[PDB]
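Next comes final_34.pdb, with PDB, C-alpha atoms and all ligand atoms.
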MODEL        1
ATOM      1  CA  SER A   2     -15.763  16.899   4.248
ATOM      2  CA  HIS A   3     -12.557  14.865   4.585
ATOM      3  CA  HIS A   4      -9.577  17.086   5.511
ATOM      4  CA  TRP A   5      -7.129  14.523   6.851
ATOM      5  CA  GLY A   6      -3.573  14.440   5.526
ATOM      6  CA  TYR A   7      -0.004  14.002   6.664
ATOM      7  CA  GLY A   8       0.955  17.443   8.012
ATOM      8  CA  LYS A   9       1.366  18.585  11.621
ATOM      9  CA  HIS A  10      -2.198  19.840  11.706
ATOM     10  CA  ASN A  11      -4.101  17.033   9.961
ATOM     11  CA  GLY A  12      -1.743  14.061  10.156
ATOM     12  CA  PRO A  13      -1.921  10.621  11.771
ATOM     13  CA  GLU A  14      -2.076  11.918  15.358
ATOM     14  CA  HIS A  15      -5.283  13.824  14.491
ATOM     15  CA  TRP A  16      -7.134  11.150  12.512
ATOM     16  CA  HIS A  17      -8.817   9.560  15.511
ATOM     17  CA  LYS A  18     -11.050  12.585  16.024
ATOM     18  CA  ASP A  19     -12.899  11.956  12.768
ATOM     19  CA  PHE A  20     -12.120   8.235  12.496
ATOM     20  CA  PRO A  21     -12.223   6.768  16.009
ATOM     21  CA  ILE A  22     -11.282   3.298  14.696
ATOM     22  CA  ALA A  23      -7.778   4.852  14.445
ATOM     23  CA  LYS A  24      -7.382   3.578  18.013
ATOM     24  CA  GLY A  25      -8.862   0.137  17.299
ATOM     25  CA  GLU A  26      -7.729  -3.425  17.853
ATOM     26  CA  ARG A  27      -6.418  -4.289  14.413
ATOM     27  CA  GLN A  28      -4.846  -1.147  12.997
ATOM     28  CA  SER A  29      -2.113  -0.956  10.401
ATOM     29  CA  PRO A  30       0.728  -0.602   9.757
ATOM     30  CA  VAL A  31       2.724  -2.470  12.434
ATOM     31  CA  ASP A  32       6.323  -3.213  13.210
ATOM     32  CA  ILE A  33       7.243  -6.707  12.129
ATOM     33  CA  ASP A  34       9.447  -8.247  14.811
ATOM     34  CA  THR A  35      11.217 -10.891  12.767
ATOM     35  CA  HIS A  36      12.280 -12.891  15.798
ATOM     36  CA  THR A  37       8.740 -13.134  17.208
ATOM     37  CA  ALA A  38       7.028 -13.895  13.875
ATOM     38  CA  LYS A  39       6.427 -17.618  13.646
ATOM     39  CA  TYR A  40       6.544 -19.877  10.605
ATOM     40  CA  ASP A  41       3.021 -21.133   9.919
ATOM     41  CA  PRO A  42       2.796 -24.525   8.134
ATOM     42  CA  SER A  43      -0.954 -24.014   7.654
ATOM     43  CA  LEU A  44      -0.249 -21.286   5.026
ATOM     44  CA  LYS A  45      -1.010 -22.501   1.485
ATOM     45  CA  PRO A  46       1.166 -21.428  -1.420
ATOM     46  CA  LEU A  47       0.731 -17.772  -2.483
ATOM     47  CA  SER A  48      -0.502 -17.231  -6.008
ATOM     48  CA  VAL A  49       0.033 -13.870  -7.708
ATOM     49  CA  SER A  50      -1.730 -14.110 -11.091
ATOM     50  CA  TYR A  51      -1.192 -10.867 -12.956
ATOM     51  CA  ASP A  52      -0.787 -12.199 -16.516
ATOM     52  CA  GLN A  53      -4.079 -10.660 -17.673
ATOM     53  CA  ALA A  54      -3.845  -7.443 -15.618
ATOM     54  CA  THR A  55      -5.376  -4.459 -17.405
ATOM     55  CA  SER A  56      -4.154  -1.102 -16.122
ATOM     56  CA  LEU A  57      -6.243   1.926 -17.065
ATOM     57  CA  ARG A  58      -5.270   5.195 -15.454
ATOM     58  CA  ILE A  59      -2.987   6.890 -12.944
ATOM     59  CA  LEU A  60      -4.502   9.431 -10.515
ATOM     60  CA  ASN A  61      -2.991  11.872  -8.025
ATOM     61  CA  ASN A  62      -5.600  11.805  -5.254
ATOM     62  CA  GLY A  63      -3.834  14.343  -3.042
ATOM     63  CA  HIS A  64      -2.576  11.591  -0.710
ATOM     64  CA  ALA A  65      -0.604   9.340  -3.097
ATOM     65  CA  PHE A  66      -1.001   8.272  -6.721
ATOM     66  CA  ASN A  67      -3.062   5.241  -7.718
ATOM     67  CA  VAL A  68      -2.473   3.089 -10.739
ATOM     68  CA  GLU A  69      -5.971   1.765 -11.369
ATOM     69  CA  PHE A  70      -6.955  -1.530 -12.985
ATOM     70  CA  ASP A  71     -10.001  -2.958 -14.699
ATOM     71  CA  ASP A  72     -11.508  -5.043 -11.925
ATOM     72  CA  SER A  73     -14.796  -5.753 -13.751
ATOM     73  CA  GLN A  74     -13.551  -9.359 -14.166
ATOM     74  CA  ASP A  75     -10.925 -11.646 -12.627
ATOM     75  CA  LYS A  76      -8.061 -10.284 -14.762
ATOM     76  CA  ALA A  77      -5.433  -9.986 -12.048
ATOM     77  CA  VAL A  78      -5.971 -11.850  -8.816
ATOM     78  CA  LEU A  79      -4.246 -12.843  -5.612
ATOM     79  CA  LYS A  80      -5.023 -16.216  -4.029
ATOM     80  CA  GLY A  81      -3.494 -18.715  -1.630
ATOM     81  CA  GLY A  82      -1.274 -17.929   1.322
ATOM     82  CA  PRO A  83      -3.548 -16.972   4.206
ATOM     83  CA  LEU A  84      -6.417 -16.165   1.846
ATOM     84  CA  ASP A  85      -9.667 -18.019   1.337
ATOM     85  CA  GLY A  86     -11.037 -17.409  -2.134
ATOM     86  CA  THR A  87     -10.200 -14.918  -4.847
ATOM     87  CA  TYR A  88      -9.064 -11.302  -4.427
ATOM     88  CA  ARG A  89      -9.123  -9.012  -7.476
ATOM     89  CA  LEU A  90      -6.484  -6.337  -8.042
ATOM     90  CA  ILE A  91      -8.086  -2.867  -8.104
ATOM     91  CA  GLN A  92      -5.105  -0.492  -7.752
ATOM     92  CA  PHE A  93      -1.624  -0.001  -6.523
ATOM     93  CA  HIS A  94       0.011   2.944  -4.856
ATOM     94  CA  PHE A  95       3.041   3.819  -2.741
ATOM     95  CA  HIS A  96       3.971   5.567   0.472
ATOM     96  CA  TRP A  97       7.343   7.290   0.655
ATOM     97  CA  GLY A  98       9.542   9.689   2.578
ATOM     98  CA  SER A  99      11.246  13.025   2.277
ATOM     99  CA  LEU A 100      14.581  11.184   2.732
ATOM    100  CA  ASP A 101      15.711   7.622   2.010
ATOM    101  CA  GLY A 102      15.706   6.716   5.738
ATOM    102  CA  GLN A 103      11.934   6.844   6.054
ATOM    103  CA  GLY A 104       8.816   6.317   3.968
ATOM    104  CA  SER A 105       7.568   2.790   4.615
ATOM    105  CA  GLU A 106       4.506   2.168   6.747
ATOM    106  CA  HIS A 107       5.396  -1.298   7.927
ATOM    107  CA  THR A 108       8.768  -1.579   9.614
ATOM    108  CA  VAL A 109      11.001  -4.610  10.063
ATOM    109  CA  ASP A 110      12.674  -4.803  13.471
ATOM    110  CA  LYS A 111      11.966  -1.060  13.570
ATOM    111  CA  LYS A 112      13.807  -0.457  10.250
ATOM    112  CA  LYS A 113      12.057   1.972   7.933
ATOM    113  CA  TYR A 114      12.453   1.543   4.200
ATOM    114  CA  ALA A 115      12.469   4.418   1.681
ATOM    115  CA  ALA A 116       9.030   3.514   0.430
ATOM    116  CA  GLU A 117       6.354   0.822   0.393
ATOM    117  CA  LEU A 118       4.212  -0.416  -2.495
ATOM    118  CA  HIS A 119       0.628  -1.523  -1.802
ATOM    119  CA  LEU A 120      -1.159  -3.723  -4.349
ATOM    120  CA  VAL A 121      -4.786  -3.567  -3.248
ATOM    121  CA  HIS A 122      -7.188  -6.464  -3.872
ATOM    122  CA  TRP A 123     -10.821  -7.094  -2.933
ATOM    123  CA  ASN A 124     -12.543 -10.367  -2.093
ATOM    124  CA  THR A 125     -14.817 -11.205  -5.026
ATOM    125  CA  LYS A 127     -17.333 -12.978  -2.737
ATOM    126  CA  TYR A 128     -18.496  -9.468  -1.711
ATOM    127  CA  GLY A 129     -19.152  -8.318  -5.266
ATOM    128  CA  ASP A 130     -17.701  -4.779  -5.115
ATOM    129  CA  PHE A 131     -14.945  -2.916  -3.314
ATOM    130  CA  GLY A 132     -17.378  -0.801  -1.327
ATOM    131  CA  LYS A 133     -19.022  -3.866   0.154
ATOM    132  CA  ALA A 134     -15.708  -5.650   0.667
ATOM    133  CA  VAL A 135     -14.310  -2.872   2.898
ATOM    134  CA  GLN A 136     -17.189  -3.492   5.330
ATOM    135  CA  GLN A 137     -15.970  -7.068   5.954
ATOM    136  CA  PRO A 138     -13.112  -8.317   8.125
ATOM    137  CA  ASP A 139     -11.752 -10.367   5.229
ATOM    138  CA  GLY A 140     -12.730  -7.928   2.482
ATOM    139  CA  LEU A 141      -9.308  -6.871   1.225
ATOM    140  CA  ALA A 142      -5.847  -8.300   0.752
ATOM    141  CA  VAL A 143      -3.001  -5.838   0.404
ATOM    142  CA  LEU A 144       0.322  -7.075  -0.875
ATOM    143  CA  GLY A 145       3.008  -4.838   0.571
ATOM    144  CA  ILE A 146       6.481  -4.581  -0.915
ATOM    145  CA  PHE A 147       9.326  -2.551   0.556
ATOM    146  CA  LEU A 148      11.500  -0.289  -1.575
ATOM    147  CA  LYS A 149      15.169   0.365  -0.838
ATOM    148  CA  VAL A 150      17.398   2.745  -2.732
ATOM    149  CA  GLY A 151      20.102   1.115  -4.840
ATOM    150  CA  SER A 152      19.924   0.001  -8.468
ATOM    151  CA  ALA A 153      17.003   1.159 -10.601
ATOM    152  CA  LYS A 154      13.872  -0.972 -10.926
ATOM    153  CA  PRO A 155      13.291  -1.084 -14.685
ATOM    154  CA  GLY A 156       9.626  -1.981 -14.349
ATOM    155  CA  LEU A 157       9.012   1.122 -12.257
ATOM    156  CA  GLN A 158      10.295   3.592 -14.828
ATOM    157  CA  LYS A 159       7.027   3.928 -16.813
ATOM    158  CA  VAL A 160       5.376   4.982 -13.572
ATOM    159  CA  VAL A 161       8.118   7.492 -12.763
ATOM    160  CA  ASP A 162       7.961   9.026 -16.208
ATOM    161  CA  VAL A 163       4.242   9.783 -16.121
ATOM    162  CA  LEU A 164       4.409  11.560 -12.730
ATOM    163  CA  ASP A 165       5.246  14.918 -14.357
ATOM    164  CA  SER A 166       1.762  14.796 -15.948
ATOM    165  CA  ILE A 167      -0.098  14.265 -12.630
ATOM    166  CA  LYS A 168       1.809  16.663 -10.426
ATOM    167  CA  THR A 169      -1.174  17.970  -8.491
ATOM    168  CA  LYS A 170      -4.224  16.646  -6.699
ATOM    169  CA  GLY A 171      -7.058  15.654  -9.051
ATOM    170  CA  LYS A 172      -4.898  15.160 -12.134
ATOM    171  CA  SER A 173      -4.982  11.851 -13.946
ATOM    172  CA  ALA A 174      -3.465  10.363 -17.081
ATOM    173  CA  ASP A 175      -3.946   7.320 -19.279
ATOM    174  CA  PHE A 176      -1.934   4.428 -18.005
ATOM    175  CA  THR A 177      -2.778   1.412 -20.108
ATOM    176  CA  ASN A 178      -0.643  -1.659 -20.753
ATOM    177  CA  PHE A 179       1.402  -1.450 -17.573
ATOM    178  CA  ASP A 180       2.569  -4.806 -16.172
ATOM    179  CA  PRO A 181       2.590  -4.802 -12.387
ATOM    180  CA  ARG A 182       4.660  -8.023 -12.371
ATOM    181  CA  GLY A 183       7.639  -5.778 -13.020
ATOM    182  CA  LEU A 184       7.311  -4.377  -9.483
ATOM    183  CA  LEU A 185       7.781  -7.672  -7.614
ATOM    184  CA  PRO A 186      10.948  -9.062  -6.055
ATOM    185  CA  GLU A 187      12.152 -12.560  -6.934
ATOM    186  CA  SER A 188      10.954 -14.200  -3.725
ATOM    187  CA  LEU A 189       7.351 -14.396  -2.504
ATOM    188  CA  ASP A 190       8.356 -15.130   1.096
ATOM    189  CA  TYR A 191       6.022 -13.069   3.279
ATOM    190  CA  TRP A 192       4.670 -12.133   6.672
ATOM    191  CA  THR A 193       0.917 -11.920   7.224
ATOM    192  CA  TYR A 194      -1.397 -10.489   9.870
ATOM    193  CA  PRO A 195      -4.933  -9.069  10.116
ATOM    194  CA  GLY A 196      -5.095  -5.300   9.941
ATOM    195  CA  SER A 197      -6.635  -2.217   8.462
ATOM    196  CA  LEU A 198      -6.487   0.409   5.759
ATOM    197  CA  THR A 199      -3.561   2.698   6.664
ATOM    198  CA  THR A 200      -5.455   5.866   5.701
ATOM    199  CA  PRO A 201      -8.868   7.097   6.691
ATOM    200  CA  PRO A 202     -11.378   5.559   6.909
ATOM    201  CA  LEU A 203      -8.962   3.077   8.582
ATOM    202  CA  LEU A 204     -11.385   0.204   8.182
ATOM    203  CA  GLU A 205     -10.367  -3.093   9.752
ATOM    204  CA  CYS A 206     -10.911  -5.102   6.601
ATOM    205  CA  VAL A 207      -7.403  -6.047   5.396
ATOM    206  CA  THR A 208      -5.391  -9.241   5.360
ATOM    207  CA  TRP A 209      -1.874  -7.877   5.052
ATOM    208  CA  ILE A 210       0.709  -9.862   3.138
ATOM    209  CA  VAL A 211       4.101  -8.151   3.363
ATOM    210  CA  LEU A 212       6.952  -9.528   1.272
ATOM    211  CA  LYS A 213      10.251 -10.084   3.042
ATOM    212  CA  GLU A 214      12.429  -9.216   0.041
ATOM    213  CA  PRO A 215      12.506  -5.506  -0.818
ATOM    214  CA  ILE A 216      12.779  -4.253  -4.356
ATOM    215  CA  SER A 217      15.587  -1.888  -5.259
ATOM    216  CA  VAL A 218      14.793   1.438  -6.897
ATOM    217  CA  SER A 219      17.221   4.179  -7.804
ATOM    218  CA  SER A 220      17.650   7.438  -5.982
ATOM    219  CA  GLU A 221      16.610   9.184  -9.219
ATOM    220  CA  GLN A 222      13.371   7.171  -9.298
ATOM    221  CA  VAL A 223      12.361   8.006  -5.735
ATOM    222  CA  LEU A 224      13.411  11.656  -6.149
ATOM    223  CA  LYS A 225      10.763  11.880  -8.836
ATOM    224  CA  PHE A 226       8.072  10.586  -6.409
ATOM    225  CA  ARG A 227       9.098  13.480  -4.153
ATOM    226  CA  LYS A 228       8.336  16.096  -6.820
ATOM    227  CA  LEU A 229       4.620  15.306  -6.685
ATOM    228  CA  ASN A 230       2.292  17.690  -4.863
ATOM    229  CA  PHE A 231      -0.365  17.182  -2.223
ATOM    230  CA  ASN A 232      -1.977  20.455  -3.344
ATOM    231  CA  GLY A 233      -4.109  21.169  -6.363
ATOM    232  CA  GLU A 234      -3.035  23.144  -9.406
ATOM    233  CA  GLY A 235      -2.320  26.810  -8.769
ATOM    234  CA  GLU A 236      -2.131  26.341  -4.972
ATOM    235  CA  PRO A 237       0.995  26.881  -2.908
ATOM    236  CA  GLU A 238       3.325  23.937  -3.356
ATOM    237  CA  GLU A 239       3.299  21.230  -0.719
ATOM    238  CA  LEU A 240       5.584  18.405  -1.828
ATOM    239  CA  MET A 241       3.993  14.965  -1.593
ATOM    240  CA  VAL A 242       6.468  13.422   0.804
ATOM    241  CA  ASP A 243       6.102  11.541   4.108
ATOM    242  CA  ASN A 244       2.677  10.196   3.196
ATOM    243  CA  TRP A 245       3.064   7.244   5.567
ATOM    244  CA  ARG A 246       1.320   6.329   8.811
ATOM    245  CA  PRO A 247       3.671   5.133  11.581
ATOM    246  CA  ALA A 248       3.451   1.712  13.170
ATOM    247  CA  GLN A 249       0.437   1.069  15.391
ATOM    248  CA  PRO A 250       0.004  -1.147  18.462
ATOM    249  CA  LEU A 251       0.027  -4.851  17.630
ATOM    250  CA  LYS A 252      -2.551  -5.585  20.373
ATOM    251  CA  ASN A 253      -3.878  -9.163  20.306
ATOM    252  CA  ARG A 254      -2.295 -10.214  17.023
ATOM    253  CA  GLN A 255       0.388 -12.551  15.790
ATOM    254  CA  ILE A 256       2.415 -12.055  12.664
ATOM    255  CA  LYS A 257       2.904 -15.319  10.759
ATOM    256  CA  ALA A 258       5.788 -16.104   8.408
ATOM    257  CA  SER A 259       5.497 -18.130   5.226
ATOM    258  CA  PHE A 260       9.104 -19.267   5.416
ATOM    259  CA  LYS A 261      10.904 -21.481   7.885
TER     260      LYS A 261
HETATM  261  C1  LIG A 301      -4.286  21.148   7.423
HETATM  262  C2  LIG A 301      -5.346  21.162   8.432
HETATM  263  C3  LIG A 301      -6.190  21.251   9.286
HETATM  264  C4  LIG A 301      -7.129  21.494  10.389
HETATM  265 SE1  LIG A 301      -8.957  21.028   9.999
HETATM  266  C5  LIG A 301      -8.893  19.097  10.261
HETATM  267  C6  LIG A 301      -9.966  18.340   9.846
HETATM  268  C7  LIG A 301      -9.970  16.969   9.994
HETATM  269  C8  LIG A 301      -8.885  16.348  10.567
HETATM  270  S1  LIG A 301      -8.862  14.578  10.732
HETATM  271  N1  LIG A 301      -9.496  14.185  12.265
HETATM  272  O1  LIG A 301      -9.752  14.024   9.735
HETATM  273  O2  LIG A 301      -7.456  14.231  10.690
HETATM  274  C9  LIG A 301      -7.803  17.083  10.990
HETATM  275  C10 LIG A 301      -7.817  18.451  10.836
HETATM  276  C1  LIG A 302     -13.476   2.476   1.877
HETATM  277  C2  LIG A 302     -12.218   3.037   1.591
HETATM  278  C3  LIG A 302     -11.173   3.558   1.295
HETATM  279  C4  LIG A 302      -9.902   4.225   0.938
HETATM  280 SE1  LIG A 302      -9.127   3.343  -0.553
HETATM  281  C5  LIG A 302      -7.556   2.660   0.312
HETATM  282  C6  LIG A 302      -6.949   3.307   1.371
HETATM  283  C7  LIG A 302      -5.806   2.786   1.928
HETATM  284  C8  LIG A 302      -5.256   1.622   1.427
HETATM  285  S1  LIG A 302      -3.799   0.913   2.103
HETATM  286  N1  LIG A 302      -2.739   2.178   2.268
HETATM  287  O1  LIG A 302      -4.173   0.384   3.406
HETATM  288  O2  LIG A 302      -3.304  -0.026   1.123
HETATM  289  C9  LIG A 302      -5.894   0.976   0.375
HETATM  290  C10 LIG A 302      -7.030   1.494  -0.182
HETATM  291 ZN    ZN A 303      -1.211   2.150   1.120
ENDMDL
END

Show how you would write the structure in this file as structure tokens.
Amino acid sequence: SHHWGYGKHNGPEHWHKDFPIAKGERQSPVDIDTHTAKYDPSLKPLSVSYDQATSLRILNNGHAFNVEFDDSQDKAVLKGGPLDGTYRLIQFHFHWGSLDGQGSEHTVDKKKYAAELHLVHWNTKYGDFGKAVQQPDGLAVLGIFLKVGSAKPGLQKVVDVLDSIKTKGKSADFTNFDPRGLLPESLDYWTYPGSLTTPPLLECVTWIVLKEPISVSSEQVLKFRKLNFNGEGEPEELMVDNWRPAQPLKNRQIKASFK
């Protein structure tokens, strides 16, 4: 069974032994060299359409927490930008650090942010998420950096439910949450072809990483750091540093949406 994680003994440097694609040609995350990234005039406008998003539940899966959506219809979709067709929002989650100076998976000129939000979408031409992850254009993940400063009001409902899903396998109702409250003002982005950043590390993701970080408060991120990787009644292992470091860019170019 799966026993990968983020510790010294089962962390990112070990993953390749059970998931050899860990050493593949389009792995994520990557460092975004802002000087080398080139503006691409072929990019169409990005369209984030979350008006009808229907959140359902929040789950601690022992690696992060997922806010899950009803993706049985096109209720919240991502389109445009580098994408051909329609990608349906299925969940969002975060990666974060033990300290404010680390936590993000993507880096920007080697800068690490305190955390990174991933809004995960699947290409509806493949019918279901499981089929989509087997395709090179199966997923689109919208990545948003978090820095510590002023509180993000739209994050607080998430923060306040975390006490109820402290340990692996716990879930709670999480209806009527509006993920639009997690976005920055600008939709300027970088994009490149990559992978899932956790096992199974499938090379099925078009990454769209927003240039503008959101600000969250220290109190908000401190509450992320009180979660547990372990299950109930097991010795406490704080859920911190659940990020994979940057991987080799290989034969890829990062494109910018903005001149
Ligand atoms: C804590 C612990 C441990 C040792 Se057991 C183990 C099993 C699978 C992996 S992998 N290749 O999936 O990361 C790593 C380690
Ligand atoms: C098949 C499968 C699977 C695991 Se579900 C998963 C894992 C990682 C991401 S990430 N961190 O790349 O957005 C998104 C979704
Ligand atoms: Zn992620």

*Could you tell me which residues the PyMOL selection byres (((chain A and resi 165-172) around 12) and not hetatm) returns for this structure, as a ChimeraX atom specification?*
/A:58-68,159-164,173-176,225-241

What would the selection look like, as an mmCIF file with C-alpha atoms, in the coordinates of the input, if the PyMOL selection byres (((not hetatm)) within 9 of (chain A and resi 302)) were run on the coordinates I just shared?
data_model
loop_
_atom_site.group_PDB
_atom_site.id
_atom_site.type_symbol
_atom_site.label_atom_id
_atom_site.label_comp_id
_atom_site.auth_asym_id
_atom_site.auth_seq_id
_atom_site.Cartn_x
_atom_site.Cartn_y
_atom_site.Cartn_z
ATOM 1 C CA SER A 29 -2.113 -0.956 10.401
ATOM 2 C CA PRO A 30 0.728 -0.602 9.757
ATOM 3 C CA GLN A 92 -5.105 -0.492 -7.752
ATOM 4 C CA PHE A 93 -1.624 -0.001 -6.523
ATOM 5 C CA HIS A 94 0.011 2.944 -4.856
ATOM 6 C CA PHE A 95 3.041 3.819 -2.741
ATOM 7 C CA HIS A 96 3.971 5.567 0.472
ATOM 8 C CA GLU A 106 4.506 2.168 6.747
ATOM 9 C CA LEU A 118 4.212 -0.416 -2.495
ATOM 10 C CA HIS A 119 0.628 -1.523 -1.802
ATOM 11 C CA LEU A 120 -1.159 -3.723 -4.349
ATOM 12 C CA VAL A 121 -4.786 -3.567 -3.248
ATOM 13 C CA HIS A 122 -7.188 -6.464 -3.872
ATOM 14 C CA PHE A 131 -14.945 -2.916 -3.314
ATOM 15 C CA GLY A 132 -17.378 -0.801 -1.327
ATOM 16 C CA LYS A 133 -19.022 -3.866 0.154
ATOM 17 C CA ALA A 134 -15.708 -5.650 0.667
ATOM 18 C CA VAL A 135 -14.310 -2.872 2.898
ATOM 19 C CA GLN A 136 -17.189 -3.492 5.330
ATOM 20 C CA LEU A 141 -9.308 -6.871 1.225
ATOM 21 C CA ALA A 142 -5.847 -8.300 0.752
ATOM 22 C CA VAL A 143 -3.001 -5.838 0.404
ATOM 23 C CA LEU A 144 0.322 -7.075 -0.875
ATOM 24 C CA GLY A 145 3.008 -4.838 0.571
ATOM 25 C CA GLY A 196 -5.095 -5.300 9.941
ATOM 26 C CA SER A 197 -6.635 -2.217 8.462
ATOM 27 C CA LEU A 198 -6.487 0.409 5.759
ATOM 28 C CA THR A 199 -3.561 2.698 6.664
ATOM 29 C CA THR A 200 -5.455 5.866 5.701
ATOM 30 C CA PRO A 201 -8.868 7.097 6.691
ATOM 31 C CA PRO A 202 -11.378 5.559 6.909
ATOM 32 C CA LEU A 203 -8.962 3.077 8.582
ATOM 33 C CA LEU A 204 -11.385 0.204 8.182
ATOM 34 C CA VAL A 207 -7.403 -6.047 5.396
ATOM 35 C CA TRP A 209 -1.874 -7.877 5.052
ATOM 36 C CA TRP A 245 3.064 7.244 5.567
ATOM 37 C CA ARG A 246 1.320 6.329 8.811
#

Let me have the centre and edge lengths in Å, one decimal, of the box along x, y and z around every listed atom of range 215-230 of chain A with 5 Å of margin on each side, as lines of an AutoDock Vina configuration file.
center_x = 10.0
center_y = 6.1
center_z = -5.1
size_x = 25.4
size_y = 33.2
size_z = 18.5

*Please extract the residues at most 10 Å from ligand LIG 301 (chain A), counting only C-alpha atoms and all ligand atoms, and provide them as an NGL selection string, using the chain letters and residue numbers of this document.*
:A and (2-21 or 23 or 200-202)

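You will find CA of residue 98 in chain A at 13.2 Å from atom ZN of ligand ZN 303 (chain A).
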
Range 243-254 of chain A from the block above, N, CA and C atoms, as a PDB file, in the first residue's frame, please?
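Produced file decode.pdb, reproduced below:
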ATOM      1  N   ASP A 243       5.273  21.352   6.147  1.00  0.00           N
ATOM      2  CA  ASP A 243       6.259  21.011   5.116  1.00  0.00           C
ATOM      3  C   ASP A 243       5.783  19.872   4.219  1.00  0.00           C
ATOM      4  N   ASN A 244       4.526  19.989   3.803  1.00  0.00           N
ATOM      5  CA  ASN A 244       3.937  19.036   2.861  1.00  0.00           C
ATOM      6  C   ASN A 244       4.047  19.523   1.417  1.00  0.00           C
ATOM      7  N   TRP A 245       5.258  19.920   1.059  1.00  0.00           N
ATOM      8  CA  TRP A 245       5.565  20.454  -0.273  1.00  0.00           C
ATOM      9  C   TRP A 245       6.692  19.647  -0.886  1.00  0.00           C
ATOM     10  N   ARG A 246       6.621  19.449  -2.189  1.00  0.00           N
ATOM     11  CA  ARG A 246       7.708  18.871  -2.976  1.00  0.00           C
ATOM     12  C   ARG A 246       8.580  20.014  -3.480  1.00  0.00           C
ATOM     13  N   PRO A 247       9.920  19.877  -3.430  1.00  0.00           N
ATOM     14  CA  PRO A 247      10.777  20.930  -3.962  1.00  0.00           C
ATOM     15  C   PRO A 247      10.748  20.971  -5.489  1.00  0.00           C
ATOM     16  N   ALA A 248      11.297  22.059  -6.019  1.00  0.00           N
ATOM     17  CA  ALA A 248      11.378  22.235  -7.457  1.00  0.00           C
ATOM     18  C   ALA A 248      12.169  21.117  -8.136  1.00  0.00           C
ATOM     19  N   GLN A 249      11.674  20.726  -9.309  1.00  0.00           N
ATOM     20  CA  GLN A 249      12.209  19.645 -10.110  1.00  0.00           C
ATOM     21  C   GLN A 249      12.843  20.199 -11.377  1.00  0.00           C
ATOM     22  N   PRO A 250      13.680  19.389 -12.050  1.00  0.00           N
ATOM     23  CA  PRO A 250      14.355  19.865 -13.251  1.00  0.00           C
ATOM     24  C   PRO A 250      13.376  20.290 -14.349  1.00  0.00           C
ATOM     25  N   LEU A 251      13.630  21.457 -14.922  1.00  0.00           N
ATOM     26  CA  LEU A 251      12.773  21.976 -15.982  1.00  0.00           C
ATOM     27  C   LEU A 251      12.857  21.126 -17.254  1.00  0.00           C
ATOM     28  N   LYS A 252      14.026  20.545 -17.533  1.00  0.00           N
ATOM     29  CA  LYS A 252      14.210  19.699 -18.713  1.00  0.00           C
ATOM     30  C   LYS A 252      13.876  20.491 -19.985  1.00  0.00           C
ATOM     31  N   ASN A 253      13.177  19.865 -20.922  1.00  0.00           N
ATOM     32  CA  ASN A 253      12.883  20.476 -22.207  1.00  0.00           C
ATOM     33  C   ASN A 253      11.545  21.168 -22.145  1.00  0.00           C
ATOM     34  N   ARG A 254      11.454  22.210 -21.309  1.00  0.00           N
ATOM     35  CA  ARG A 254      10.207  22.959 -21.175  1.00  0.00           C
ATOM     36  C   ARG A 254      10.444  24.442 -21.125  1.00  0.00           C
TER      37      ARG A 254
END
